[PDB]
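Structure incoming, see below.
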Amino acid sequence: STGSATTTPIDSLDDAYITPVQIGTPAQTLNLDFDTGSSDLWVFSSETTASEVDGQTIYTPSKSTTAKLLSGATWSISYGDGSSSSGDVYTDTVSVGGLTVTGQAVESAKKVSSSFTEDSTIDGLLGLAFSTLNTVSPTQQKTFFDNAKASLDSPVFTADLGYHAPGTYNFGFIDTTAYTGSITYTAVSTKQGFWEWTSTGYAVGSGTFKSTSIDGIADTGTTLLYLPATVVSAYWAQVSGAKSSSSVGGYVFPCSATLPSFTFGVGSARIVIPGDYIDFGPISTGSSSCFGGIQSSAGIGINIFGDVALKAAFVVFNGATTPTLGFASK
């Protein structure tokens, strides 16, 4: 089997991407944030505290003839941005782009933190990291990809995120029309539960490539590119007037600037992030200070190849017995 679904930016900045997902019988379609940095499929629901729902579409398990309470199971998750959610668990039929999994754990939110409530466009998350990170207790549950894998034509999914435009998540096949050149594959460590790999270096604009190992994670659920402070300083030093602002929370730059590209290495191959992809717009409405799309990871503990980086590539998440990542230009 295969599946193919379009993923759409939630706003004009590509702050996140939403993909329609069918849950239950008859189908209830929710727009979920596909997140290769986490491993829970959770949704706003008829069980979510009413004051914490503000415009989201909810899953109502009592209206699904295939929903079953997973008795005794609870979940609770905290994300790197400080947001969180928790609740109980049903199993139900879940379909993405024509690919169906029966008995998928659907984690129903009883509580969500303010940032989720405040984002009316995201009805929940669909985790695509390794199932060892799944938070369901006392019986850990599998991701949608893990459940589907054995049925897929090939044990892979691909992320093709658009810049200020829709893109595609495919399951079970690699669309050879969706990228240019060849796909370069690179090793993955699953030891932390992530799609963790080592970039071979970087360049700023037209500058020379610096060969240096940068361990990080491919994370569709993180907006920006978070890299070591040395790398990030070298980038922003090429932008007149750019500075790190403690009060804003990162590097800012004059909105009048034209940003240089940023290149990252994948083995001997190179992925070029155009400068425009690094512009996240005014820090507050009407400001002439703009927020940068490349930020320091120094306070995180891990480097994160988030959407800014991934949207410049066609990315293969290869879930073969030994997982690997592939990157192609597009």
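Following Swiss-Prot, chain A residues are numbered 90-419, in order.
The way this entry was determined, per its header, is X-ray crystallography, 1.0 Å.
Here the Cβ of each residue, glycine as well, is placed from N, Cα and C on the backbone.
According to Swiss-Prot, the protein carries these features:
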ACT_SITE  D124  active site
ACT_SITE  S288  active site
DISULFID  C344-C379  disulfide bond
DOMAIN    106-417  domain 'Peptidase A1'
Highest CB neighbour count within 10 A among the disulfide-bonded residues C344, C379?
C379
When the Cα of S288 (active site) is compared with the Cα of each of the recorded positions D124, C344, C379, which one is closest?
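For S288 (active site), the spatially nearest of the recorded positions is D124.
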Return one of helix, strand or coil for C344 (disulfide bond), based on DSSP.
coil
Taking the Cα atoms as reference points, how far is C379 (disulfide bond) from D124 (active site) in Å?
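Roughly 26 Å, rounded to the nearest whole number.
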Using a Cβ cut-off under 8 Å and a sequence separation of 6 or more, which residues in the same chain sit near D124 (active site)?
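The list for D124 (active site) reads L214, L215, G216, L217, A218, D308, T309, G310, given in order along the sequence.
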